[PDB]
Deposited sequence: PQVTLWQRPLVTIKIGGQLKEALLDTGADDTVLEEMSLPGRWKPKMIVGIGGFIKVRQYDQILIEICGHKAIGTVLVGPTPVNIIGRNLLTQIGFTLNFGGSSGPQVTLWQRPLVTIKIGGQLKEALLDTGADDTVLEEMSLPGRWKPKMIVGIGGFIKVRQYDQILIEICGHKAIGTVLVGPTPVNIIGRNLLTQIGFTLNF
């Protein structure tokens, strides 16, 4: 039941009698889905992430069947370009992040070394790119723009940047911006042999 990050980690979920594809996002606390038909009463919670914010309707004790494994918990519903399975449900259906093994009961944080500085970063199977907080980074970049849930943010795209994550090396592309969390995305994650399990 191993899954690599070379491609986006998508799974089939049965929720509300219907079928959707979703992303397994070790970088999200919460599970959020596109605008779909779910019965019951909800809570007007607001969710936050890069690019800004978005409002969603909170449901509790909703049943969801991910890759044919049942789980019950809080699903959230609002405008998301992607269906996302966050950590609340991953923990339950038993998902582990291996590379020895990181559980999702807490946020998967590692300490990385980049540009001679030490930082704490989030292991995010839900991100295709690696985005770091604003820091001093020598070299040359190009002015790429990127998007999350609450909108979009401008960031500097340095390439060939070297990083030591939890005691392994990887050279690759890093982005630097106004993000509140350091994100280790799937591009560097693939180079250090992280995988998902059941």
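Colleague: Going from the first residue of the deposited sequence to the last, where are the unmodelled runs?
Modeller: Gap vs deposited seq: just 100-104.
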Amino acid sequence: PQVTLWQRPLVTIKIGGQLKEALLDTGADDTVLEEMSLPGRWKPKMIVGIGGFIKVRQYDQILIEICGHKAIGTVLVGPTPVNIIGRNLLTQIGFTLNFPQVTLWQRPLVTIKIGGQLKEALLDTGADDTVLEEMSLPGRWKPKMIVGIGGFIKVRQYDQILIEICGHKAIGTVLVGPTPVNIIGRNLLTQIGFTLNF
From here on, numbers count along this sequence of modelled residues.
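Colleague: When the C-alpha temperature factors are averaged for each of 185-193 and 172-180, which stretch ends up with the higher value in the entry?
Modeller: Looking at the recorded C-alpha B-factors, 172-180 comes out higher on average.
Colleague: Using the B-factors recorded in the PDB entry, average over the C-alpha atoms of 59-67 and of 146-154, then report which stretch comes out higher.
Modeller: Between 146-154 and 59-67, it is 146-154 that shows the higher mean C-alpha B-factor.
Colleague: Among 165, 50, 162, 131, where is the Cα temperature factor highest, going by the PDB entry?
Modeller: Across 165, 50, 162, 131, the entry lists the biggest C-alpha B-factor for 50.
Colleague: If I read the C-alpha B-factors straight from the PDB entry, which of 79, 94, 73, 108 is highest?
Modeller: Going by the entry's C-alpha B-factors, 79 comes out highest.
Colleague: Based on the entry's values, in what third of the chain does the Cα temperature factor of residue 28 lie: lowest, middle or highest?
Modeller: As the PDB entry reports it, the C-alpha B-factor of residue 28 lands in the lowest third of its chain.
Colleague: What third of its chain's C-alpha B-factors does residue 116 belong to: lowest, middle or highest?
Modeller: As the PDB entry reports it, the C-alpha B-factor of residue 116 lands in the lowest third of its chain.
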